[PDB]
Structure formats: C-alpha cells, structure tokens
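Novice: here we go, the starting part of the complex in its complex frame:
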Amino acid sequence: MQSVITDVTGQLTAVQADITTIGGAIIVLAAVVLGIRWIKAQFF
Amino acid sequence: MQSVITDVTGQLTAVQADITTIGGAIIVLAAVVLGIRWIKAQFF
Amino acid sequence: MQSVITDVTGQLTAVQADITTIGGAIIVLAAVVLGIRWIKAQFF
Amino acid sequence: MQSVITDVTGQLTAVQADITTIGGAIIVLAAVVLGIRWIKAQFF
C-alpha cells in the first residue's frame, strides 16, 4: 500500500542527512592532510 | 474469474509506486556518498 | 460427457487471462526494483 | 537515524585534530631539512 511507500521515504530522506553529516566530518581531515603536506614541500 | 485478474492488477500497480518511491529515497544517499567521497580525493 | 470437457475448458482459458494479468502487474515491480538499484551502483 | 549522523560527526571532528597534530610535527622536520641544507650552499 501507500503505507509502504511514503513511509519507506520518510526514512530514506532522514537517513541522507546522516550520511552527508558523516561525509563532511571526514572531509575536514582531507583538508588537513593538505595542511600537513603542502608545508613539507615548501622546504625542499 | 475476471474478478481475480483486474483485482490482482489493481494492487500490482498500486504497489509499484510504493517500491519506486522507496528506491528514490535510497538513491539520494548514493548521491550523498559521492558528496562525502569526491571531496577526500581532491586533497591527495 | 462432452458437457464436462468443453465446460471445464471454458473456465481453464478464462482463468489464464486472470493469472497472466496478475503476473504483468507484479513484473512492473521488478522493473522498478532495478530502477531503485542500478542508481545506487552509479555512485560507488 | 540522527543517531548515526551527529555521532559519526563527533568522531570526524575529533579525528581531525589528530591528523593535524601529526602534520605539524612532521613539518618541523621540513623546516630543519632547510636548516641543514641552506648552510651547505653558503660555502660553494
């Protein structure tokens, strides 16, 4: 029934935010991996 | 009888929408898994 | 008698249409299960 | 659920500091590789 659909959706969206919130958090690390590494280069 | 057929159909279609509505919801997550991950790459 | 045969047939065919009409309806769901799922893949 | 997201975040940030703290430490070496090497040049 519709029950299944609108309700499988209510979650499918709700979980997105979770996924994306976790991705951002990880990226700040990439951003910092380039912090620690652009610097080494500058010397050599 | 026809009773069985047209009526087994009335549902078979009605349930599709449910299935598909749930699929879309999940895909937005895939779309976001590529949000969190294309970004990491950019650093390295 | 023939009564039995031609008349058991009149139904055997009439019920087919019902069976098949119900099968089509279900397949549109399979078709949609591949809608929701080919998409996830594309990300990863 | 949100459980997943805010909690995957609580770590994603917490780990950044670790990454960056390790990068700084390494850079002080680059800074010193230029200590030992600018000096050789001065002679020749």
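Specialist: Happy to help now that I have it. Numbers count the residues shown, from 1 in each chain, chains lettered A, B, ... in the order given.

Novice: get me the contact residues on chain A for chain B.
Specialist: A:1-6, A:8-9, A:11-13, A:15-16, A:19-20, A:22-24, A:26-27, A:29-31, A:33-34 (Cβ under 8 Å from any Cβ of the partner chain). Where C-beta positions appear, they are placed from N, C-alpha and C, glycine not excepted.

Novice: shouldn't residue A:36 be in contact with residue D:18?
Specialist: No: using Cβ atoms under 8 Å, residue A:36 is not in contact with residue D:18, being 11.0 Å away.

Novice: of these two, who's got more company?
Specialist: residue A:36 (17 against 11; other Cβ atoms under 10 Å in any protein chain shown).

Novice: state the distance from the more buried one to residue D:12.
Specialist: 17 Å (Cβ to Cβ, to the nearest Å).

Novice: work out for me the element the most centrally placed residue in chain A sits within.
Specialist: The residue lying closest to the centre of chain A (Cα atoms, centre = their mean) is residue A:23, at 1.1 Å. Counting by DSSP states H and E, the element that carries residue A:23 is helix A:2-43.

Novice: so that helix versus helix B:2-43, what angle?
Specialist: 10 degrees (axes from the mean of the first three to the mean of the last three Cα atoms, to 10 degrees).

Novice: any residue of helix A:2-43 touching chain D?
Specialist: Yes: using Cβ under 8 Å from any Cβ, helix A:2-43 reaches chain D at A:14-15, A:17-22, A:24-26, A:28-29, A:32-33, A:35-37, A:39-43.

Novice: what residues sit buried inside stretch A:36-43?
Specialist: A:36, A:39 (16 or more other Cβ atoms under 10 Å in any protein chain shown).

Novice: can you list contacts of that stretch?
Specialist: Around stretch A:36-43, the neighbours that count as contacts under Cβ atoms under 8 Å, 6 or more residues apart in numbering or on different chains are D:19, D:20, D:22, D:23, D:24, D:26, D:27, D:29, D:30, D:31, D:33, D:34.

Novice: throw chain E on there as well:
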Amino acid sequence: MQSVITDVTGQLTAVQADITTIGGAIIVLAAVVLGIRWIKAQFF
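Specialist: Following on from the chains above, chain E is added here:
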C-alpha cells in the same frame, strides 16, 4: 582518537632532533670545503 595525535607528535618532534643533528654534521664539511678552496685562490 587523541591517542593517534599526541602520539604521532611525540615522534614528530623526536625525529626533528635527528634530522637537525645530521644536518649540522654535514655543514662542517661545507665549512671545510671553503677551507681547502679559499686557500688555492690566494696564490693565483
């Protein structure tokens, strides 16, 4: 965790001293390359 960071640091600093200690040692050679060479000049 912090475990990673403060501990990746404990080394990053500890290794600096090594790098720099090795650089000084090499420079004393540059200093001596200018010993052997300023002298030749003086003749000509």
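
Novice: before we move on, the earlier item: excluding chain neighbours, what is closest to the residue nearest to the centre of chain A?
Specialist: Spatial nearest neighbour of residue A:23, chain neighbours left out: residue B:36 (1.9 Å); criterion: Cβ to Cβ, 6 or more residues apart in numbering or on different chains.

Novice: how about stretch A:19-39: buried residues?
Specialist: A:19-33, A:35-36, A:39.

Novice: before we move on, what about stretch A:11-18?
Specialist: Those would be A:12, A:15, A:16, A:17, A:18, for stretch A:11-18 by 16+ other Cβ under 10 Å.

Novice: dump the C-alpha coordinates for that stretch into CSV.
Specialist: What follows is stretch A:11-18 as a C-alpha-only set of coordinates in CSV (Å, rounded to 0.1, in the frame of the first residue of the first chain):
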residue,chain,number,x,y,z
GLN,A,11,13.3,7.2,6.3
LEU,A,12,15.2,7.4,3.0
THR,A,13,15.4,11.1,3.4
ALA,A,14,16.0,11.1,7.2
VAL,A,15,19.0,8.8,6.7
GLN,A,16,20.5,11.0,3.9
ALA,A,17,21.2,13.8,6.4
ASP,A,18,23.1,11.2,8.5
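
Novice: what does it contact?
Specialist: Applying Cβ under 8 Å, 6+ apart, the external contacts of stretch A:11-18 come out as B:22, B:24-26, B:28-29, B:32, D:1-5, D:8.

Novice: the residue nearest to the centre of chain A reaches residue B:31, doesn't it?
Specialist: No: under the criterion of Cβ under 8 Å, residue A:23 is not in contact with residue B:31, lying 11.2 Å apart.

Novice: now residue A:3. Nearest residue, chain neighbours left out?
Specialist: residue B:18 is the one closest to residue A:3 (Cβ to Cβ, 6+ apart), at 7.9 Å.

Novice: gap between the one you found and chain D?
Specialist: Separation of residue B:18 from chain D (Cβ to the nearest Cβ, to the nearest Å) stands at 22 Å.

Novice: then chain F, please:
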Amino acid sequence: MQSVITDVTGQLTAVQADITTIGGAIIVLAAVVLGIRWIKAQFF
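Specialist: With chain F now in place:
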C-alpha cells in the same frame, strides 16, 4: 425428481460466493506478506 436437482443447485451456487468471499480475504494477507518482506531485502 427435478426437486432434488434445481434445489441442490440453488445451494451449490449460494455456497460458491461464500468460498470465494473467504478466499479474497485471505489473499490480502499474501499481499501483505510481500509488503513486510520486499522491504527487508532493500537493505541488504
């Protein structure tokens, strides 16, 4: 006599409706067994 026949019929038909009315009711359960189960799959 005919008494027996037309009258055994008056029931044979009358009872059909009962049988079929009970079958439909049960099928809505099958329809729901596929509600609860197509969903689990989607996760894994």
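
Novice: the helix holding residue A:23 and chain F, are they touching?
Specialist: Yes: contact between helix A:2-43 and chain F, assessed by Cβ under 8 Å from any Cβ, occurs at A:3, A:4, A:8.

Novice: any of these buried? List them.
Specialist: Buried among the residues of helix A:2-43 next to chain F (16+ other Cβ under 10 Å): A:4, A:8.

Novice: quick one: which of the residues of helix A:2-43 next to chain F is nearest chain E?
Specialist: If you rank the residues of helix A:2-43 next to chain F by distance to chain E using Cβ to the nearest Cβ, residue A:8 comes first, at 36.6 Å.

Novice: show me what contacts the closest one?
Specialist: Residue A:8 neighbours (Cβ under 8 Å, 6+ apart): B:18, B:21, B:22, B:25, F:39, F:42.

Novice: closest one of those residues to chain A?
Specialist: residue B:25 (2.2 Å).

Novice: who's in contact with that closest one?
Specialist: Shown in contact with residue B:25 (Cβ under 8 Å, 6+ apart): A:8, A:9, A:11, A:12, A:13.

Novice: please name the nearest non-neighbouring residue to the residue of chain A found nearest chain F.
Specialist: Among the residues of chain A, residue A:4 lies nearest to chain F; the distance is 5.5 Å by Cβ to the nearest Cβ. Nearest residue to residue A:4, sequence neighbours excluded (Cβ to Cβ, 6+ apart): residue B:18, at 4.1 Å.

Novice: quick check: the farthest pair among the contacts of residue B:25?
Specialist: Distance extremes for the contacts of residue B:25: the farthest pair is A:8 and A:13 at 10.3 Å, using Cβ to Cβ.

Novice: surely residue A:4 and residue F:39 touch.
Specialist: Yes: at 6.8 Å, residue A:4 and residue F:39 qualify as touching, with contact defined as Cβ under 8 Å.

Novice: now do the shared contacts for these two.
Specialist: By Cβ under 8 Å, 6+ apart, residue A:4 and residue F:39 have these common neighbours: residue B:22.
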